[PDB]
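J.: Structure supplied as structure_30.txt; contents: compact mmCIF, N, CA and C atoms.
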# COMPACT_ATOMS: atom_id res chain seq x y z
N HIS A 1 33.27 62.08 46.21
CA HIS A 1 34.04 61.24 47.12
C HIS A 1 34.94 60.24 46.39
N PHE A 2 34.54 59.78 45.20
CA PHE A 2 35.29 58.74 44.50
C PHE A 2 36.61 59.23 43.90
N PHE A 3 36.96 60.51 44.05
CA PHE A 3 38.30 60.97 43.71
C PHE A 3 39.31 60.64 44.80
N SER A 4 38.86 60.20 45.97
CA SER A 4 39.73 59.61 46.98
C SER A 4 40.15 58.19 46.63
N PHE A 5 39.51 57.57 45.64
CA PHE A 5 39.94 56.29 45.10
C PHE A 5 40.86 56.62 43.93
N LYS A 6 42.14 56.79 44.24
CA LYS A 6 43.02 57.49 43.32
C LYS A 6 43.55 56.59 42.21
N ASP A 7 43.52 55.27 42.38
CA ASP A 7 44.09 54.40 41.36
C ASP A 7 43.14 54.09 40.22
N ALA A 8 41.84 54.28 40.40
CA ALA A 8 40.85 53.89 39.40
C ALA A 8 39.95 55.07 39.05
N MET A 9 39.66 55.22 37.76
CA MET A 9 38.68 56.22 37.33
C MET A 9 37.28 55.76 37.67
N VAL A 10 36.84 56.02 38.90
CA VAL A 10 35.54 55.56 39.36
C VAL A 10 34.51 56.61 38.95
N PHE A 11 33.68 56.26 37.97
CA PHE A 11 32.79 57.20 37.29
C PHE A 11 31.35 56.79 37.54
N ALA A 12 30.68 57.47 38.46
CA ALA A 12 29.30 57.16 38.82
C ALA A 12 28.34 58.06 38.06
N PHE A 13 27.27 57.47 37.54
CA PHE A 13 26.26 58.22 36.81
C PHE A 13 24.89 57.59 37.06
N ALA A 14 23.89 58.36 36.83
CA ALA A 14 22.48 58.04 36.98
C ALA A 14 21.94 57.40 35.70
N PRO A 15 20.96 56.51 35.79
CA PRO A 15 20.36 55.95 34.58
C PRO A 15 19.44 56.97 33.93
N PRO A 16 19.06 56.77 32.66
CA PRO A 16 18.09 57.68 32.05
C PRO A 16 16.66 57.48 32.53
N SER A 17 15.72 58.20 31.90
CA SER A 17 14.32 58.17 32.31
C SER A 17 13.71 56.79 32.14
N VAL A 18 13.66 56.32 30.93
CA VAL A 18 13.38 54.92 30.65
C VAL A 18 14.72 54.21 30.47
N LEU A 19 14.77 52.93 30.81
CA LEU A 19 16.01 52.18 30.75
C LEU A 19 16.09 51.29 29.51
N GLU A 20 14.99 51.17 28.76
CA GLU A 20 14.96 50.34 27.56
C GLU A 20 15.84 50.91 26.45
N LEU A 21 16.03 52.23 26.43
CA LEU A 21 16.70 52.89 25.31
C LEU A 21 18.21 52.73 25.37
N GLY A 22 18.83 53.22 26.44
CA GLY A 22 20.28 53.20 26.53
C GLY A 22 20.71 53.17 27.97
N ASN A 23 21.98 52.84 28.17
CA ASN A 23 22.53 52.85 29.52
C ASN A 23 23.12 54.20 29.87
N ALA A 24 23.62 54.93 28.87
CA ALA A 24 24.04 56.31 29.03
C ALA A 24 22.91 57.24 28.58
N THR A 25 23.21 58.53 28.48
CA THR A 25 22.26 59.52 28.00
C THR A 25 23.00 60.58 27.20
N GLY A 26 22.27 61.25 26.31
CA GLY A 26 22.86 62.32 25.54
C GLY A 26 22.93 62.06 24.05
N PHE A 27 24.14 61.84 23.54
CA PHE A 27 24.36 61.51 22.14
C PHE A 27 25.30 60.32 22.05
N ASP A 28 25.51 59.85 20.82
CA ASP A 28 26.37 58.69 20.54
C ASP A 28 26.68 58.68 19.06
N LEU A 29 27.95 58.43 18.71
CA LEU A 29 28.32 58.23 17.32
C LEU A 29 29.56 57.35 17.28
N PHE A 30 29.78 56.70 16.14
CA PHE A 30 30.95 55.85 15.95
C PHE A 30 31.83 56.47 14.87
N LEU A 31 33.10 56.70 15.19
CA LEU A 31 34.09 57.07 14.18
C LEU A 31 34.57 55.80 13.49
N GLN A 32 34.28 55.65 12.20
CA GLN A 32 34.65 54.44 11.47
C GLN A 32 35.57 54.80 10.31
N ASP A 33 36.03 53.78 9.58
CA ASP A 33 36.96 54.02 8.48
C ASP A 33 36.72 53.04 7.33
N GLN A 34 36.11 53.53 6.25
CA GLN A 34 35.86 52.69 5.09
C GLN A 34 37.12 52.39 4.28
N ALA A 35 38.15 53.22 4.39
CA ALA A 35 39.34 53.07 3.56
C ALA A 35 40.25 51.93 4.00
N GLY A 36 40.03 51.36 5.18
CA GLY A 36 40.93 50.35 5.70
C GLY A 36 42.28 50.89 6.11
N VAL A 37 42.29 52.02 6.83
CA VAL A 37 43.54 52.70 7.19
C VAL A 37 44.22 52.08 8.40
N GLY A 38 43.64 51.06 9.00
CA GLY A 38 44.24 50.38 10.13
C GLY A 38 43.52 50.66 11.43
N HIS A 39 44.26 50.51 12.52
CA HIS A 39 43.75 50.78 13.85
C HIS A 39 44.45 51.92 14.56
N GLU A 40 45.75 52.12 14.31
CA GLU A 40 46.46 53.23 14.95
C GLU A 40 45.98 54.57 14.42
N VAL A 41 45.66 54.64 13.12
CA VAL A 41 45.11 55.85 12.53
C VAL A 41 43.74 56.15 13.12
N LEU A 42 42.93 55.11 13.32
CA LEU A 42 41.59 55.28 13.88
C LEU A 42 41.63 55.68 15.35
N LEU A 43 42.56 55.12 16.12
CA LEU A 43 42.66 55.50 17.53
C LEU A 43 43.26 56.89 17.70
N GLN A 44 44.20 57.27 16.82
CA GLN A 44 44.71 58.63 16.82
C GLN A 44 43.61 59.62 16.46
N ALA A 45 42.72 59.24 15.53
CA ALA A 45 41.59 60.10 15.19
C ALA A 45 40.59 60.20 16.35
N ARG A 46 40.40 59.10 17.09
CA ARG A 46 39.49 59.12 18.24
C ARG A 46 40.02 60.04 19.33
N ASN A 47 41.32 59.93 19.64
CA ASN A 47 41.87 60.76 20.70
C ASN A 47 42.05 62.21 20.25
N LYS A 48 42.25 62.44 18.95
CA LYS A 48 42.22 63.78 18.38
C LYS A 48 40.84 64.42 18.54
N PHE A 49 39.78 63.65 18.24
CA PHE A 49 38.42 64.15 18.41
C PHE A 49 38.10 64.42 19.88
N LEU A 50 38.63 63.59 20.78
CA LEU A 50 38.42 63.82 22.21
C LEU A 50 39.14 65.08 22.68
N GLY B 1 40.98 20.49 -8.64
CA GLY B 1 39.72 21.03 -8.20
C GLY B 1 39.78 22.28 -7.35
N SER B 2 40.96 22.89 -7.17
CA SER B 2 41.15 24.20 -6.53
C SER B 2 40.62 24.21 -5.10
N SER B 3 41.29 23.43 -4.25
CA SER B 3 40.84 23.18 -2.89
C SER B 3 40.92 24.44 -2.03
N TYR B 4 40.23 24.38 -0.89
CA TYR B 4 40.06 25.50 0.03
C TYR B 4 40.67 25.11 1.37
N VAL B 5 41.78 25.75 1.75
CA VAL B 5 42.53 25.29 2.91
C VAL B 5 42.10 26.01 4.20
N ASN B 6 42.30 27.32 4.29
CA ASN B 6 41.86 28.13 5.42
C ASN B 6 41.76 29.58 4.95
N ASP B 7 41.66 30.51 5.89
CA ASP B 7 41.48 31.92 5.58
C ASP B 7 42.73 32.71 5.95
N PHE B 8 42.73 33.99 5.56
CA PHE B 8 43.78 34.91 5.96
C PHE B 8 43.20 36.32 5.89
N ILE B 9 43.65 37.18 6.78
CA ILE B 9 43.19 38.56 6.78
C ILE B 9 44.17 39.38 5.97
N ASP B 10 43.66 40.44 5.33
CA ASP B 10 44.51 41.42 4.66
C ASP B 10 43.76 42.73 4.51
N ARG B 11 44.42 43.82 4.93
CA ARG B 11 43.95 45.20 4.79
C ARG B 11 42.61 45.41 5.51
N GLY B 12 42.38 44.64 6.58
CA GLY B 12 41.18 44.78 7.37
C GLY B 12 40.01 43.91 6.97
N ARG B 13 40.25 42.79 6.30
CA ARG B 13 39.18 41.91 5.85
C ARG B 13 39.69 40.49 5.74
N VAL B 14 38.92 39.54 6.28
CA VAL B 14 39.29 38.13 6.19
C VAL B 14 38.84 37.56 4.85
N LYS B 15 39.81 37.15 4.04
CA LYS B 15 39.57 36.50 2.76
C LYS B 15 40.17 35.10 2.82
N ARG B 16 40.19 34.40 1.70
CA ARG B 16 40.46 32.97 1.74
C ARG B 16 41.69 32.61 0.92
N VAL B 17 42.19 31.39 1.16
CA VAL B 17 43.40 30.88 0.53
C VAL B 17 43.01 29.67 -0.29
N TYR B 18 43.33 29.68 -1.57
CA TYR B 18 43.08 28.55 -2.44
C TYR B 18 44.40 27.88 -2.80
N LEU B 19 44.29 26.74 -3.47
CA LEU B 19 45.46 25.89 -3.70
C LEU B 19 45.17 25.03 -4.92
N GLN B 20 45.90 25.25 -6.01
CA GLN B 20 45.62 24.60 -7.27
C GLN B 20 46.93 24.47 -8.03
N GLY B 21 46.98 23.55 -8.99
CA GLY B 21 48.14 23.43 -9.86
C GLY B 21 48.31 24.63 -10.77
N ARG B 22 49.45 24.64 -11.48
CA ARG B 22 49.84 25.73 -12.37
C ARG B 22 48.83 25.95 -13.50
N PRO B 23 48.89 27.10 -14.17
CA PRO B 23 48.19 27.25 -15.45
C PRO B 23 48.87 26.57 -16.63
N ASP B 24 49.87 25.72 -16.39
CA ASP B 24 50.65 25.10 -17.44
C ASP B 24 50.80 23.60 -17.20
N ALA B 25 50.16 23.06 -16.16
CA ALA B 25 50.27 21.65 -15.84
C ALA B 25 48.90 20.99 -15.70
N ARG B 26 47.86 21.59 -16.29
CA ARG B 26 46.56 20.93 -16.36
C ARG B 26 45.83 21.17 -17.68
N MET B 27 46.52 21.58 -18.74
CA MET B 27 45.85 22.20 -19.87
C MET B 27 45.48 21.22 -20.98
N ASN B 28 45.99 19.99 -20.94
CA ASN B 28 45.73 18.99 -21.96
C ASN B 28 46.05 17.62 -21.37
N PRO B 29 45.52 16.52 -21.95
CA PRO B 29 45.76 15.19 -21.35
C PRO B 29 47.22 14.74 -21.31
N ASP B 30 48.13 15.38 -22.06
CA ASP B 30 49.54 15.10 -21.88
C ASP B 30 50.09 15.68 -20.59
N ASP B 31 49.44 16.70 -20.03
CA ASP B 31 49.87 17.32 -18.78
C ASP B 31 49.09 16.84 -17.57
N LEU B 32 48.34 15.75 -17.69
CA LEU B 32 47.85 15.07 -16.49
C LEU B 32 48.81 13.99 -16.02
N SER B 33 49.97 13.87 -16.67
CA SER B 33 51.02 12.95 -16.28
C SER B 33 52.20 13.64 -15.63
N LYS B 34 52.15 14.96 -15.46
CA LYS B 34 53.21 15.66 -14.75
C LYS B 34 53.08 15.53 -13.25
N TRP B 35 51.91 15.12 -12.76
CA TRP B 35 51.63 15.04 -11.34
C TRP B 35 52.04 13.68 -10.80
N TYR B 36 52.83 13.67 -9.73
CA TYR B 36 53.29 12.43 -9.14
C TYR B 36 52.70 12.30 -7.74
N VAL B 37 52.38 11.06 -7.36
CA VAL B 37 51.76 10.76 -6.08
C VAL B 37 52.72 9.88 -5.28
N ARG B 38 52.89 10.19 -4.00
CA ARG B 38 53.88 9.51 -3.18
C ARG B 38 53.47 8.08 -2.88
N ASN B 39 54.46 7.18 -2.92
CA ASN B 39 54.30 5.79 -2.56
C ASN B 39 54.18 5.67 -1.03
N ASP B 40 54.06 4.44 -0.52
CA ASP B 40 54.00 4.24 0.92
C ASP B 40 55.38 4.10 1.55
N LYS B 41 56.45 4.41 0.82
CA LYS B 41 57.80 4.30 1.36
C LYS B 41 58.70 5.45 0.90
N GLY B 42 58.12 6.58 0.49
CA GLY B 42 58.89 7.72 0.07
C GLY B 42 59.17 7.79 -1.42
N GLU B 43 58.89 6.74 -2.17
CA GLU B 43 59.09 6.75 -3.60
C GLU B 43 58.00 7.57 -4.28
N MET B 44 58.19 7.86 -5.56
CA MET B 44 57.24 8.64 -6.34
C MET B 44 56.70 7.82 -7.50
N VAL B 45 55.37 7.80 -7.62
CA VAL B 45 54.65 7.00 -8.60
C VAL B 45 53.91 7.96 -9.52
N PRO B 46 54.12 7.92 -10.83
CA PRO B 46 53.40 8.82 -11.73
C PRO B 46 51.95 8.40 -11.93
N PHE B 47 51.20 9.26 -12.62
CA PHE B 47 49.86 8.87 -13.05
C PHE B 47 49.84 8.04 -14.33
N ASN B 48 50.98 7.86 -15.01
CA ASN B 48 50.98 6.98 -16.16
C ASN B 48 50.90 5.52 -15.77
N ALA B 49 51.26 5.18 -14.53
CA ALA B 49 51.25 3.79 -14.11
C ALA B 49 49.83 3.28 -13.91
N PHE B 50 48.95 4.09 -13.32
CA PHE B 50 47.64 3.60 -12.91
C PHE B 50 46.48 4.47 -13.38
N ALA B 51 46.66 5.30 -14.40
CA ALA B 51 45.55 6.12 -14.87
C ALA B 51 45.64 6.31 -16.37
N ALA C 1 16.06 51.74 -5.64
CA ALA C 1 17.04 52.45 -6.47
C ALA C 1 17.52 53.72 -5.79
N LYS C 2 16.62 54.42 -5.09
CA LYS C 2 17.00 55.63 -4.37
C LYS C 2 17.93 55.32 -3.21
N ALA C 3 17.68 54.22 -2.49
CA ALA C 3 18.57 53.82 -1.40
C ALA C 3 19.92 53.33 -1.90
N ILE C 4 19.96 52.66 -3.06
CA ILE C 4 21.23 52.23 -3.64
C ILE C 4 22.05 53.44 -4.09
N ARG C 5 21.40 54.43 -4.71
CA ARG C 5 22.12 55.64 -5.09
C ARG C 5 22.56 56.45 -3.88
N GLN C 6 21.80 56.40 -2.78
CA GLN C 6 22.24 57.07 -1.56
C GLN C 6 23.42 56.36 -0.91
N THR C 7 23.44 55.02 -0.97
CA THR C 7 24.57 54.27 -0.42
C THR C 7 25.84 54.49 -1.23
N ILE C 8 25.71 54.58 -2.56
CA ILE C 8 26.88 54.90 -3.38
C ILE C 8 27.28 56.37 -3.20
N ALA C 9 26.33 57.25 -2.87
CA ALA C 9 26.71 58.62 -2.53
C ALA C 9 27.44 58.70 -1.20
N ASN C 10 27.12 57.81 -0.25
CA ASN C 10 27.87 57.78 0.99
C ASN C 10 29.19 57.03 0.87
N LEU C 11 29.36 56.21 -0.16
CA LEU C 11 30.62 55.49 -0.37
C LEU C 11 31.53 56.09 -1.43
N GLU C 12 31.07 57.10 -2.17
CA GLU C 12 31.92 57.70 -3.20
C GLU C 12 33.11 58.58 -2.78
N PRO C 13 33.17 59.28 -1.64
CA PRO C 13 34.39 60.07 -1.37
C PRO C 13 35.60 59.24 -0.99
N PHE C 14 35.46 57.92 -0.85
CA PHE C 14 36.54 57.04 -0.45
C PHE C 14 36.96 56.13 -1.60
N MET C 15 36.69 56.56 -2.83
CA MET C 15 37.21 55.88 -4.01
C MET C 15 38.73 56.04 -4.07
N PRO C 16 39.42 55.12 -4.71
CA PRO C 16 40.81 55.38 -5.11
C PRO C 16 40.89 56.33 -6.31
N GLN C 17 42.09 56.54 -6.84
CA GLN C 17 42.25 57.51 -7.91
C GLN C 17 41.67 56.99 -9.22
N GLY C 18 40.85 57.81 -9.87
CA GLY C 18 40.26 57.46 -11.14
C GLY C 18 39.23 56.36 -11.09
N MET C 19 38.53 56.22 -9.98
CA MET C 19 37.57 55.13 -9.78
C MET C 19 36.16 55.71 -9.95
N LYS C 20 35.62 55.61 -11.16
CA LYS C 20 34.27 56.06 -11.45
C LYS C 20 33.28 54.91 -11.35
N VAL C 21 32.09 55.20 -10.82
CA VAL C 21 31.00 54.24 -10.71
C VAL C 21 29.93 54.64 -11.71
N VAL C 22 29.68 53.78 -12.70
CA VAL C 22 28.69 54.04 -13.73
C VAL C 22 27.58 53.00 -13.62
N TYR C 23 26.45 53.28 -14.26
CA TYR C 23 25.25 52.46 -14.19
C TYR C 23 24.92 51.96 -15.59
N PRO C 24 25.45 50.81 -15.99
CA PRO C 24 25.21 50.34 -17.36
C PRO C 24 23.82 49.77 -17.59
N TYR C 25 23.21 49.17 -16.58
CA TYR C 25 21.91 48.53 -16.72
C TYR C 25 21.01 48.98 -15.59
N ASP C 26 19.79 49.39 -15.93
CA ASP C 26 18.89 50.02 -14.96
C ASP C 26 17.49 50.00 -15.56
N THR C 27 16.53 49.42 -14.83
CA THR C 27 15.15 49.35 -15.29
C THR C 27 14.21 50.21 -14.46
N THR C 28 14.74 51.13 -13.67
CA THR C 28 13.95 52.15 -12.99
C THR C 28 13.55 53.40 -13.79
N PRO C 29 14.36 53.98 -14.71
CA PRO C 29 13.88 55.17 -15.43
C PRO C 29 12.71 54.90 -16.36
N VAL C 30 12.50 53.67 -16.82
CA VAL C 30 11.28 53.38 -17.57
C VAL C 30 10.06 53.49 -16.66
N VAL C 31 10.19 53.12 -15.38
CA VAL C 31 9.06 53.24 -14.46
C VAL C 31 8.79 54.70 -14.14
N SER C 32 9.85 55.49 -13.94
CA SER C 32 9.67 56.91 -13.65
C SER C 32 9.09 57.65 -14.85
N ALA C 33 9.58 57.35 -16.06
CA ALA C 33 9.05 57.99 -17.26
C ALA C 33 7.63 57.55 -17.55
N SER C 34 7.26 56.31 -17.20
CA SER C 34 5.89 55.86 -17.43
C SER C 34 4.90 56.55 -16.49
N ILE C 35 5.26 56.68 -15.20
CA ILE C 35 4.32 57.36 -14.30
C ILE C 35 4.26 58.85 -14.61
N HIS C 36 5.38 59.46 -15.03
CA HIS C 36 5.33 60.86 -15.44
C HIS C 36 4.52 61.05 -16.72
N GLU C 37 4.56 60.08 -17.63
CA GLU C 37 3.79 60.20 -18.86
C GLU C 37 2.29 60.05 -18.59
N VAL C 38 1.90 59.14 -17.70
CA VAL C 38 0.46 59.01 -17.46
C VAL C 38 -0.08 60.17 -16.62
N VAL C 39 0.73 60.75 -15.72
CA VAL C 39 0.22 61.91 -15.00
C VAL C 39 0.22 63.15 -15.91
N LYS C 40 1.11 63.19 -16.90
CA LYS C 40 1.08 64.28 -17.87
C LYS C 40 -0.14 64.18 -18.78
N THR C 41 -0.46 62.97 -19.25
CA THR C 41 -1.64 62.80 -20.10
C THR C 41 -2.93 63.04 -19.32
N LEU C 42 -2.95 62.73 -18.01
CA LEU C 42 -4.04 63.17 -17.15
C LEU C 42 -4.16 64.69 -17.12
N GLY C 43 -3.03 65.38 -17.01
CA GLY C 43 -3.05 66.84 -16.97
C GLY C 43 -3.56 67.46 -18.26
N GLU C 44 -3.06 67.00 -19.41
CA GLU C 44 -3.57 67.57 -20.66
C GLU C 44 -4.97 67.10 -20.99
N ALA C 45 -5.43 65.96 -20.46
CA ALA C 45 -6.83 65.59 -20.67
C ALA C 45 -7.76 66.53 -19.91
N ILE C 46 -7.40 66.87 -18.67
CA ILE C 46 -8.20 67.85 -17.91
C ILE C 46 -8.15 69.22 -18.58
N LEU C 47 -6.99 69.60 -19.12
CA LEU C 47 -6.86 70.90 -19.78
C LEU C 47 -7.66 70.96 -21.08
N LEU C 48 -7.67 69.87 -21.85
CA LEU C 48 -8.43 69.88 -23.10
C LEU C 48 -9.93 69.85 -22.85
N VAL C 49 -10.39 69.14 -21.81
CA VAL C 49 -11.82 69.15 -21.50
C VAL C 49 -12.27 70.53 -21.02
N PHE C 50 -11.45 71.19 -20.18
CA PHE C 50 -11.73 72.57 -19.78
C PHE C 50 -11.73 73.53 -20.97
Step by step, read the file and then write its structure as structure tokens.
T.:
Amino acid sequence: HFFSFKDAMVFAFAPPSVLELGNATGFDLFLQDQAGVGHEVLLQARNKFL
Amino acid sequence: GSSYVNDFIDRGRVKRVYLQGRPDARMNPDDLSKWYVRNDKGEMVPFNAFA
Amino acid sequence: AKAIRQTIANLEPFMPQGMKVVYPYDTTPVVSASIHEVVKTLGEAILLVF
């Protein structure tokens, strides 16, 4: 039904089994950069990975 | 004494800014007279007057 | 020492050009050689008694 709310990405999800662990479920990782390549390179890498 | 004013970022890391005289104006007691201190009316007073 | 070598192994592919990391001072191989020497002398003591 929330696709009838066309201006906002209204994304509803269920909590996990226990709530102490995380608010989402599945996996999680951070794309980071030790070389100091900036922020545009890192965001381009994030959207490339997506 | 190489004072510490504030910080500055560079290449993704906040580092610091120092402030000190030249490597050629503190090296011997003859070069402690190159530094001038401002008077209370815009004039300049050397360190030979009072030190 | 093992965790420090693992951290340098995770930080080594992001070196600049010609940037080698060497270990000039280290007091861990004397500990490893000492425990290996006493377990070796234990082994040959059991072998000589047999």
J.: What does the distance between atom N of residue B:33 and atom CA of residue B:48 come to in Å, to one decimal place?
T.: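 Answer for the atom N of residue B:33 to atom CA of residue B:48 separation: 7.0 Å.
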J.: Give the residues of chain A that lie within 8 Å of chain B; count all atoms listed in the file, and format the answer as a PyMOL selection string.
T.: chain A and resi 35-38
J.: Among the residues of chain B, find those DSSP assigns to strand (DSSP E) from the backbone and print them as a list in words.
T.: residues 3, 4, 5, 6, 7, 8, 9, 10, 13, 14, 15, 16, 17, 18, 19, 36, 37, 38, 44, 45 and 46 of chain B
J.: Show me, as a list in words, the residues that have an atom within 12 Å of stretch 24-29 of chain C when counting only C-alpha atoms, minus same-chain residues fewer than 4 positions from it.
T.: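 The neighbour list is residues 1, 2, 4, 5, 33, 34, 35, 36 and 37 of chain C.
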J.: Using only C-alpha atoms, determine which residues of chain C fall within 12 Å of chain A; present them as a list in words.
T.: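 Therefore, the residues near the partner are residues 10, 11, 12, 13, 14, 15 and 16 of chain C.
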J.: Report, in Å with one decimal, the straight-line distance from atom C of residue A:43 to atom CA of residue A:4.
T.: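 So the answer is 29.6 Å.
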J.: Tell me which protein, DNA and RNA residues are within 6.5 Å of residue B:46, counting only N, CA and C atoms, leaving out same-chain ones fewer than 4 positions away, and put them as a ChimeraX atom specification.
T.: /B:33,35-37,50
J.: Could you tell me how far atom CA of residue A:29 sits from atom CA of residue A:9, in Å to one decimal place?
T.: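 Value for the atom CA of residue A:9-atom CA of residue A:29 distance: 22.6 Å.
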J.: Counting all atoms listed in the file, note down every residue that has an atom within 6.5 Å of the point (25.8, 57.6, 32.3) (file coordinates), as a list in words.
T.: residues 12, 13, 14, 15, 23, 24 and 25 of chain A
J.: Taking N, CA and C atoms for each residue, export the selection above as a PDB file, in the frame of the given file.
T.:
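Output file part-v1.pdb is given in full below:
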ATOM      1  N   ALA A  12      30.680  57.470  38.460  1.00  0.00           N
ATOM      2  CA  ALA A  12      29.300  57.160  38.820  1.00  0.00           C
ATOM      3  C   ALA A  12      28.340  58.060  38.060  1.00  0.00           C
ATOM      4  N   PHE A  13      27.270  57.470  37.540  1.00  0.00           N
ATOM      5  CA  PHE A  13      26.260  58.220  36.810  1.00  0.00           C
ATOM      6  C   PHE A  13      24.890  57.590  37.060  1.00  0.00           C
ATOM      7  N   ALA A  14      23.890  58.360  36.830  1.00  0.00           N
ATOM      8  CA  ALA A  14      22.480  58.040  36.980  1.00  0.00           C
ATOM      9  C   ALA A  14      21.940  57.400  35.700  1.00  0.00           C
ATOM     10  N   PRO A  15      20.960  56.510  35.790  1.00  0.00           N
ATOM     11  CA  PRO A  15      20.360  55.950  34.580  1.00  0.00           C
ATOM     12  C   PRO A  15      19.440  56.970  33.930  1.00  0.00           C
ATOM     13  N   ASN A  23      21.980  52.840  28.170  1.00  0.00           N
ATOM     14  CA  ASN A  23      22.530  52.850  29.520  1.00  0.00           C
ATOM     15  C   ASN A  23      23.120  54.200  29.870  1.00  0.00           C
ATOM     16  N   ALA A  24      23.620  54.930  28.870  1.00  0.00           N
ATOM     17  CA  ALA A  24      24.040  56.310  29.030  1.00  0.00           C
ATOM     18  C   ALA A  24      22.910  57.240  28.580  1.00  0.00           C
ATOM     19  N   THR A  25      23.210  58.530  28.480  1.00  0.00           N
ATOM     20  CA  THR A  25      22.260  59.520  28.000  1.00  0.00           C
ATOM     21  C   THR A  25      23.000  60.580  27.200  1.00  0.00           C
TER      22      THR A  25
END
J.: Output as lines of an AutoDock Vina configuration file the centre and edge lengths (Å, one decimal) of the box along x, y and z of the file that holds every listed atom of stretch 23-26 of chain A after adding 3 Å on each side.
T.:
center_x = 23.0
center_y = 57.6
center_z = 27.0
size_x = 8.1
size_y = 15.5
size_z = 11.8
J.: Compare B:49, B:42, B:8, B:2 by their minimum atom-to-atom distance to residue B:21, counting all atoms listed in the file, and give me the closest one.
T.: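 Closest to residue B:21, using all atoms listed in the file: B:2.
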J.: Identify which of the residues A:11, A:31, A:5, A:26 lies closest to residue A:48, counting only C-alpha atoms when measuring atom-to-atom distances.
T.: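 Ranked by minimum distance to residue A:48, first place goes to A:31.
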